[PDB]
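Okay, so here's the structure we're looking at.
All of the numbers you see were taken from the coordinates with simple rules; none came from a lab. With ideal geometry, Cβ positions are generated from the backbone for all residues, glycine too; neighbour counts draw on all protein chains shown.
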Amino acid sequence: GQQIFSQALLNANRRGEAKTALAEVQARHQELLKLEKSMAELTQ
Amino acid sequence: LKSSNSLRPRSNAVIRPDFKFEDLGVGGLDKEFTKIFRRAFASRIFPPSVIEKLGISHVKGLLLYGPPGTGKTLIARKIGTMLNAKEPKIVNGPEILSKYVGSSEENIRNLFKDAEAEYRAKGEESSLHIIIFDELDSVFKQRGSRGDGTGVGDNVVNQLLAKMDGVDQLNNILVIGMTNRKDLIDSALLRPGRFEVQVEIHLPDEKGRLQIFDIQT
Amino acid sequence: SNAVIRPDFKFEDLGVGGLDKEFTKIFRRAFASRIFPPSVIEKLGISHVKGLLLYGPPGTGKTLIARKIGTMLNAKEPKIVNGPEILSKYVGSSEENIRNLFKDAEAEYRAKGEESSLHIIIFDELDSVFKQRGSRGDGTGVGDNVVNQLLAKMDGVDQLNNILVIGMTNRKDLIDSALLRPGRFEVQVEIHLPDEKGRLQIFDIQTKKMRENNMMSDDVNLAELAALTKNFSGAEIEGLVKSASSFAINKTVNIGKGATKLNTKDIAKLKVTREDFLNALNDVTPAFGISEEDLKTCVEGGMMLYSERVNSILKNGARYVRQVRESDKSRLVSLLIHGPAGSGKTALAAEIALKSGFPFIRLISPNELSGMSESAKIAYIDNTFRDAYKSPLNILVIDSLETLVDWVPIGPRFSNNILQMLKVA
Amino acid sequence: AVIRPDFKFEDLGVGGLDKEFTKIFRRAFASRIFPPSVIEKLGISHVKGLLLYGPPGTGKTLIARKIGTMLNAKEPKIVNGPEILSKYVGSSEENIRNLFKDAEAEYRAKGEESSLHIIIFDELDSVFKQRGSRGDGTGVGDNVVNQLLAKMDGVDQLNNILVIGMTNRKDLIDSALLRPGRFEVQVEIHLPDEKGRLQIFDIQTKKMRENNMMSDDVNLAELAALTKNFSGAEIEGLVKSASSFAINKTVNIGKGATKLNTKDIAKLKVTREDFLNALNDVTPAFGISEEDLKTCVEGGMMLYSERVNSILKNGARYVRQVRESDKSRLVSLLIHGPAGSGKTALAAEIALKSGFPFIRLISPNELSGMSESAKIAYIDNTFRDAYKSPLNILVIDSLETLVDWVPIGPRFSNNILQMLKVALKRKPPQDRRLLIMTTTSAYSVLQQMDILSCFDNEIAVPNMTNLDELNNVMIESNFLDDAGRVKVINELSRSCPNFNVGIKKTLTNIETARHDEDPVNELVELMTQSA
Ligand SMILES: Nc1ncnc2c1ncn2[C@@H]1O[C@H](COP(=O)(O)OP(=O)(O)OP(=O)(O)O)[C@@H](O)[C@H]1O
Ligand SMILES: Nc1ncnc2c1ncn2[C@@H]1O[C@H](COP(=O)(O)OP(=O)(O)OP(=O)(O)O)[C@@H](O)[C@H]1O
Ligand SMILES: Nc1ncnc2c1ncn2[C@@H]1O[C@H](COP(=O)(O)OP(=O)(O)OP(=O)(O)O)[C@@H](O)[C@H]1O
Ligand SMILES: Nc1ncnc2c1ncn2[C@@H]1O[C@H](COP(=O)(O)OP(=O)(O)OP(=O)(O)O)[C@@H](O)[C@H]1O
Ligand SMILES: Nc1ncnc2c1ncn2[C@@H]1O[C@H](COP(=O)(O)OP(=O)(O)O)[C@@H](O)[C@H]1O
């Protein structure tokens, strides 16, 4: 005769993968921007 | 639209003057309908000018109580779905409790955002909103009483108190509750400004029985 | 340059009726240090108070005050927080949230020193989360941590000296003790029901624009209405006005019977009459004035002076009422009426009571206690006596003492504990 | 090294707690004064853990704040409790074992030469609660205790760390940390005594007195006398509250507009009455007593007869005896007599005149509303409290009512009675003295209880009977003029010479007759029926 709650904790899981889903998009993004710049010159 | 002079009761009336109490389909109760419709749905028909010169804010609460199987939910339903307003946000009795440390009270907070948003955005011309608590007497019990050994029986009531009448105003809502035992609801919920009009619904008299029979068949 | 409280300011413009003696204290203790030359107060080597608590029964006006203080004081925008809004799911987000409120005050205080502007945060309803740490409430242990964080941040090891916190509640005895120490929530004020003059002030405030827009009949007499509404709190006068308006306004549209009656002529001469108010007294009813209805009901049969001894006893009673009213050292007087059963005792006692005009009148009878357990009875009785130490003048009436102590001659049987309680009390 | 060469502790804010300062200094930093060589030669290890605790608002935070600047210490690391915790898994634990790197690196670097590193945990009880709480949830509330415990017990020979943990409630702390090697020394900080009270007032009013902002009228000694149970925080609140009154005489807040008399700004000065108003404003939160006895004698004495004087002299004799002798460590007295004659006032008066450190009264008034077990516990705690101070006076009121006597059963609570019977014969602990005065009105009932054998001496209080004493009380009460007071007594002499009333009823009748008709026809009339 009593009753219980529950809680959450965010675990390295996100400490890494979610921060990586910023760093690893913008950085591959940096590679893609470089590609785009080179293609622009090539097309010219 | 825009009327230079001689404006209407309401460009988009909630009751819409083609209305009479023989259309609802609830027999018997007749004085109750009069008192309810006068105390609540009378201040939302007159032109905004006179009401604004009168400075009276519309009543934002309705309580129906009575024995089992008398017609309460019928009234709630007909009021919900025979008007000109946004759709009701129904909640059943213990539909609010949630698992984690902070989800029930967040759920209670969730119910008001569209109303505050539209009131903030527009003001006095926001359409009415309605939210119906079913079987109010399940969770909202007197604070400090035996039971709810867990610390929920207070926080839930607390959030609702703070949210119906707080430092930030709001006057485009109408909340209705239904129950069989009004002696257990918290006392601070039954003051003017929170659930103002209370109505008992009793067993029918004989003529009312004749009315109900004619309504059913 | 930025003296908060606005060089010309009057309590009259706040818009709160009654409570003329509290604002004096609040402003004297709280804001009486911040509108003075900094050099002087620096010499005085004191620190501005940083706490405020407002407590009382529901509907007495303890949220209006906070709002007006927030809005009228030429400070930063107030930071409102509703009661249980702090908590959060993830571990450690609740405690972090309560220390996110203080960041900007500290941010200003490091830079501009003692020239920062006041910051004000209002906690609505304190007692929900800040209970006395130590019990077993949830099974997780969050509330203790939140109380902890607030404790450490209000005073702590670092000085802020440019912040103010306001709090409201209906139950003050559950707040954890450490909060109430001086240095945290210093000034504490009770807000209670008004008297007659406060009632008149409130009626004046509410029906203000009423009158100047020429929508009130000339028949209504506010003094009479203030005299009628005895135990009304501040939040039910507004209900009365609303109801009176509904009665007055219903006479035109005729909701339900038939519409289209709304026409310029009818609505061009709206005027709330006195009858409307009297009709509205039948809709709104007090919540604290629930016992005087019993007393008036006890003399329903009516008083008939079949003799003169009746007159003599009544005069003696009135004499005693006068004596207690006029004395200063006689703070307690007790009387007894005895006589054969059926002789009409209760009616006479109530009948004396109702003419007194005292602020506070209450009655205990076997009626109220029926169905209760013993512990429940003793608790109720004690509560009722402790409630009678508030108002300056009070009247209490006990009915049928013998039946309260549950006497039957067969045993004899009776309950001793209640008897002792009454004798002691 | 470990204390600055330029320091004497006189300059500091902390005052009134000097014994505690010496104990901490002796047991904490003493071992780090000599060169290291001595300590190992003596085979003594260093202390590692400290605990400070007391009621809320006693000054512990002030100490914790100033000690760092006080003793040439490395800037202590301050962390409040609930910030160690964090969202992500493993973050709290690493956070705990993220504090000790600098000291440990210095330790590996420089052996025993390493300087002292001090870290203080404000609010120790927040996170380090009992590690057997249960709850079936996220276990971060336990592994933190394990992490600190590992880094503090299995230290790997780190002998240059002192942790100071401050709390308001020892009981909530996990017991695993209260053991040798781990928070060995515990120092209690309790409420100040009178002299420290004066120190605190002086410290608070330094800057005031220096700048000539206080009137010479003010007398600190009187104020220190008045504040019976005020802690330092309450004293500061008093100071600023008293200041607010002086402030609020030039600036008239609310009323009128802002009217600042620029001349009186330079003549601002605080005065005694302002302090008195302030005393009326603030109240303490401890209280205990010294008010109930004062209100119990509000009506005051009249010395209407010699009997009062004789009784008072006897009481003075007894208090002298208990004060002087060391073999008499317990004395009990009974005061019995007719109902309403006035017993309670006399005992209260004697106790008040005694002037012992320790005084309380027990009355049915306090105990009202409680359950039997609660009453038993209350009385027991009160007694246990009384066994503390070197000298003690205890008063017991209306014993018969405490035992719930009604003569029809006769019904009464036996448990309370027998508890009292055992308790009134208990000699206090060694080298303590106690003096009990109990009052009653039902001597015969007590005789039937056969509890008359634990009373060393009994005192009667006969009510007055002679018309002279009536004249005395009447002249003291100023009921009427001189001729009135004469005529009434002349009339009463022949109306009813034999006379037996008491005292309380007399005052009541006097007041009533004053209210209605101070002629004979009321006062004498009532006086006659009552007798
Ligand atoms: N006055 C009435 N006129 C017509 N039908 C009615 C009336 N009162 C009740 N009924 C009939 O009763 C049915 C059930 O009533 P209702 O939904 O009000 O139950 P309830 O009163 O909410 O009961 P409970 O207290 O158990 O929740 C309705 O669908 C309707 O057909
Ligand atoms: N003394 C008063 N002066 C002015 N207005 C008042 C007064 N008393 C009540 N009112 C008005 O009536 C209402 C009082 O509601 P309020 O916001 O005070 O709730 P509350 O009393 O704080 O309720 P609770 O304390 O239970 O939360 C407001 O509309 C307020 O303007
Ligand atoms: N002078 C009077 N004295 C007594 N009763 C009077 C007098 N004049 C009128 N009455 C009427 O007499 C009735 C008194 O009945 P009441 O119930 O007070 O009697 P009671 O003895 O108190 O009741 P019970 O027998 O239960 O003790 C009421 O109807 C009251 O109006
Ligand atoms: N010499 C005196 N002896 C006793 N009472 C005195 C004396 N002088 C003045 N008084 C006043 O007489 C009153 C004595 O009342 P007290 O309450 O002591 O009566 P009591 O007999 O203890 O009451 P109870 O009958 O309830 O036991 C007090 O107001 C006290 O101040
Ligand atoms: N000797 C003293 N004893 C107690 N309080 C003092 C003393 N000297 C100054 N104070 C004042 O009392 C307060 C200290 O309270 P604090 O120790 O923070 O209470 P807590 O026990 O909650 O930590 C400060 O505001 C300080 O100015």
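General remarks:
- Exclusive hit being within 22 Å of B:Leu54 (Cβ to Cβ) and at the interface with chain B (Cβ under 10 Å from one of its Cβ atoms), set C:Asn263, C:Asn221: C:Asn263
- Taking the criterion of being touching a residue at least 24 places away in the same chain (Cβ under 8 Å) and within 14 Å of another protein chain (Cβ to nearest Cβ), the only residue of the range D:288-299 that qualifies is D:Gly299.
- Looking only at residues of the range C:212-230 that are closer than 19 Å to C:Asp283 by Cβ, surrounded by fewer than 19 Cβ atoms within 10 Å (Cβ to Cβ) and not hydrophobic (A, V, I, L, M, F, W, C), we find that the one that is farthest from ligand 3 (Cβ to nearest atom) is C:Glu224.
One line per residue, one yes/no per condition, for (1) in a strand (DSSP E or B); (2) in contact with an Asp or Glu (Cβ under 8 Å, 6 or more places away or on another chain); (3) small (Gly, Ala, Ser):
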residue: D:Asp142; (1), (2), (3): no, no, no
residue: D:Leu149; (1), (2), (3): no, no, no
residue: D:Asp156; (1), (2), (3): no, no, no
residue: D:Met166; (1), (2), (3): yes, yes, no
residue: D:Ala176; (1), (2), (3): no, no, yes
residue: D:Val187; (1), (2), (3): yes, yes, no
residue: D:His190; (1), (2), (3): no, no, no
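- If you go through the range D:384-426 and keep only what is away from ligand 4 (no atom under 16 Å from the Cβ), within 14 Å of chain C (Cβ to nearest Cβ) and not charged (D, E, K, R), you end up with D:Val406, D:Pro407, D:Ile408, D:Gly409, D:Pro410, D:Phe412, D:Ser413, D:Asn414, D:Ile416.
- Selected residue (criterion: nearest to ligand 5 (Cβ to nearest atom)) from residues of the range C:1-47 that are of a type in the set (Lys, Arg) and in a loop (DSSP other than H, G, I, E, B): C:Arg34
- Within the span defined as the range D:249-259, every residue fails to be more than 30 Å from C:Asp176 (Cβ to Cβ), hydrophobic (A, V, I, L, M, F, W, C), within 25 Å of the chain's Cα centre (by Cα) and away from ligand 1 (no atom under 16 Å from the Cβ).
- Candidate set: the range B:44-55, residues that are closer than 17 Å to C:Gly258 by Cα and in contact with a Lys or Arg (Cβ under 8 Å, 6 or more places away or on another chain); chosen: the one nearest to the other protein chains (Cβ to nearest Cβ): B:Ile45
- Residue in the range D:403-424 that is surrounded by fewer than 15 Cβ atoms within 10 Å (Cβ to Cβ) and assigned to a strand (DSSP E or B) present: yes
- Qualifying residue in the range D:362-384 (condition: touching a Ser or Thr at 6+ places or on another chain (Cβ under 6 Å) and either within 16 Å of ligand 1 (Cβ to nearest atom) or in contact (Cβ under 8 Å) with a residue 60 or more places away in the chain (or both)): no
- Selected residue [in contact with a helix residue (DSSP H, G or I) (Cβ under 6 Å, 6 or more places away or on another chain) and either at negative phi or more than 9 Å from chain C (Cβ to nearest Cβ) (or both)] from B:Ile96, B:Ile90: B:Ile96
- When C:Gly344, C:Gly371 are checked against the criterion of being over 29 Å from the mean Cα position of the chain (by Cα), away from ligand 5 (no atom under 16 Å from the Cβ), surrounded by 13 or more Cβ atoms within 10 Å (Cβ to Cβ) and not in a helix (DSSP H, G or I), C:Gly344 stands alone in meeting it.
- Output for the range C:28-40, where each listed residue is surrounded by fewer than 19 Cβ atoms within 10 Å (Cβ to Cβ) and closer than 18 Å to C:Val187 by Cβ: C:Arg34, C:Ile35
- Yes/no for C:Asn254 being over 28 Å from the mean Cα position of the chain (by Cα), under 20 Å from B:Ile36 (Cβ atoms), surrounded by fewer than 18 Cβ atoms within 10 Å (Cβ to Cβ) and more than 16 Å from ligand 1 (Cβ to nearest atom): yes
- Across the range C:282-321, the qualifying residues are those that are among the aliphatic types (A, V, I, L, M) and surrounded by 16 or more Cβ atoms within 10 Å (Cβ to Cβ), and the one among them that is nearest to the chain's Cα centre (by Cα) is C:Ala287.
- For the range D:225-266, a residue qualifies if it is at the interface with another protein chain (Cβ under 10 Å from one of its Cβ atoms) and β-branched (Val, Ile, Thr), and the qualifying residues are D:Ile235, D:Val239, D:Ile247, D:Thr250, D:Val251, D:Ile253, D:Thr258, D:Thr262, D:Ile265.
- The condition of being over 28 Å from B:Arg191 (Cα atoms), touching a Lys or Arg at 6+ places or on another chain (Cβ under 8 Å) and within 11 Å of another protein chain (Cβ to nearest Cβ) holds for only one of C:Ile41, C:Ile46, C:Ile35, that being C:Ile46.
- Any chance D:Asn212 is polar (S, T, N, Q), in a loop (DSSP other than H, G, I, E, B) and either surrounded by 13 or more Cβ atoms within 10 Å (Cβ to Cβ) or touching a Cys at 6+ places or on another chain (Cβ under 6 Å) (or both): no
- For the range A:1-35, a residue qualifies if it is charged (D, E, K, R) and either surrounded by 10 or more Cβ atoms within 10 Å (Cβ to Cβ) or within 23 Å of B:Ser103 (Cα to Cα) (or both), and the qualifying residues are A:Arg14, A:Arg15, A:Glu17, A:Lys19, A:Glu24, A:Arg28, A:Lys34.
- Exclusive hit being surrounded by 18 or more Cβ atoms within 10 Å (Cβ to Cβ) and among the β-branched types (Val, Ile, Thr), set C:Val189, C:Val146: C:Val146
- Within the range D:156-176, being surrounded by fewer than 18 Cβ atoms within 10 Å (Cβ to Cβ), under 12 Å from D:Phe128 (Cβ atoms) and more than 14 Å from every other protein chain (Cβ to nearest Cβ) holds for D:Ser175, D:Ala176.
- When the range B:59-82 is limited to residues that are assigned to a loop (DSSP other than H, G, I, E, B) and of a type in the set (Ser, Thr, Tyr), the one that is surrounded by the most Cβ atoms within 10 Å (Cβ to Cβ) turns out to be B:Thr70.
- Filtering the range A:1-41 to residues that are of a type outside the set (A, V, I, L, M, F, W, C), within 14 Å of chain D (Cβ to nearest Cβ) and not in a helix (DSSP H, G or I) leaves A:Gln2, A:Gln3, A:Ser6, A:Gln7.
- 2 or more residues out of contact with any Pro (no Cβ under 6 Å at 6 or more places or on another chain) and within 16 Å of ligand 2 (Cβ to nearest atom): qualifying helices (runs of 4 or more DSSP H) within the range D:1-117: none
- Only listed residue being more than 14 Å from chain D (Cβ to nearest Cβ) and in a loop (DSSP other than H, G, I, E, B), chosen from C:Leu314, C:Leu295, C:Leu363, C:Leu336: C:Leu336
- The strands (runs of 3 or more DSSP E) located wholly in the range B:116-217 that include 2 or more residues which are surrounded by fewer than 18 Cβ atoms within 10 Å (Cβ to Cβ) and out of contact with any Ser or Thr (no Cβ under 6 Å at 6 or more places or on another chain) occupy B:197-200.
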